[PDB]
Amino acid sequence: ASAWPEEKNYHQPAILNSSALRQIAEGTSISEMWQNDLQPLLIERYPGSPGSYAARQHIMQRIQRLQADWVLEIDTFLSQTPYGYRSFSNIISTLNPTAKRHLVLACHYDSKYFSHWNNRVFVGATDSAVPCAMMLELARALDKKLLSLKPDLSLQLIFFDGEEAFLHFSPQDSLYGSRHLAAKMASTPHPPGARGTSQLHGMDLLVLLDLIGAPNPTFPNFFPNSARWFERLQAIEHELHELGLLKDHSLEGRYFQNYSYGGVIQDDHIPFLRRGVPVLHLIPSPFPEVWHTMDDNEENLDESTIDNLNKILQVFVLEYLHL
Ligand SMILES: [Zn+2]
């Protein structure tokens, strides 16, 4: 009976020194992300729409162009909705699919369905086009390091479809792609051939990004079983700050603050959390003021905050992976 699914409990980061921290800060490009990864996603893309198809193609092509050996899988399924049976497609991008353990970064790539209203279209810029582009930018910026992976531990990106309710949130109308994928992963032996362990035992940590891109986010430390990873984000933010590697940033207005939050936020981590996967939920509290309005658009995004968060997240992921 291997104890391998316990390794994530003892796993420690390999901390980057100052010079490596400067190298990561310099190797990410907020303007290249903006033009190449973000803008093509700033389109209507509710499930089943032609924009959901265009978003999925864009996400797959951006990953396919990279040197690291990503394996793309489209997980397509039917679910009942308030509009009847519909099809949804999660995107999963994995380095070393047979590696036993993965660090998982995730967001939702659908946009909430709304009728056009006075010629305005909801594009969910923070929710979650920006998280999607941050994951693509991280894949691009870290591509030479990730190529080296070609701890039996690697990296996986999930872009969930159907996170949003077609109406308002209810247990049967929301989290379509995550409820499906969590169930599918919990019932899939892993590594291949295993008798008793599932792809969920293999998920060291689910890092779910959502509602990112507004000014002054504050992420609370939601869960005791990922609290020590939340502390790593605080330490990385603090050290990048002290090195002069963040922009328009102060420690009084730091993003990763010392405070917990007792309540439940409904989001794509829920079906994983309820099956015992550790989650680091990178959603701010309070939500962006533009949340679920037509003003959640490109013009209300805060470029230097996204840039700073790309740096902190890329550093977190290298340190976790010992790269
Ligand atoms: Zn939303």
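Along the sequence shown, residues carry numbers from 1. Order of listing sets the numbers, starting from 1, for every ligand and every atom in it.
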Please find out if the Zn ion (ligand 1) and some N, O or S atom of [X] are separated by less than 2.8 Å.
{"X": "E164", "answer": "yes"}
{"X": "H292", "answer": "yes"}
{"X": "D127", "answer": "yes"}

Classify the ring geometry between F77 and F88 as parallel (under 30°), tilted (30 to 60°) or perpendicular (over 60°).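 It falls in the parallel class, under 30°.
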Test: salt bridge (charged side-chain N to carboxylate O under 4.0 Å, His left out). Region: residues 242-261. Which pairs qualify, not counting sequence neighbours?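 Listed by first then second residue: nothing to list.
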Kindly write out the residues that satisfy ring pair (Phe, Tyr, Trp, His ring centres under 6.0 Å) with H322, not counting sequence neighbours, or none if the list is empty.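 Testing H322 for ring pair (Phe, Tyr, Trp, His ring centres under 6.0 Å), a comparison that skips the adjacent residues, returns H11.
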Compute the ring centroids of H116 and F122, then answer whether they are less than 6.0 Å apart.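 Here the rings of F122 and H116 have centres that are no less than 6.0 Å from each other.
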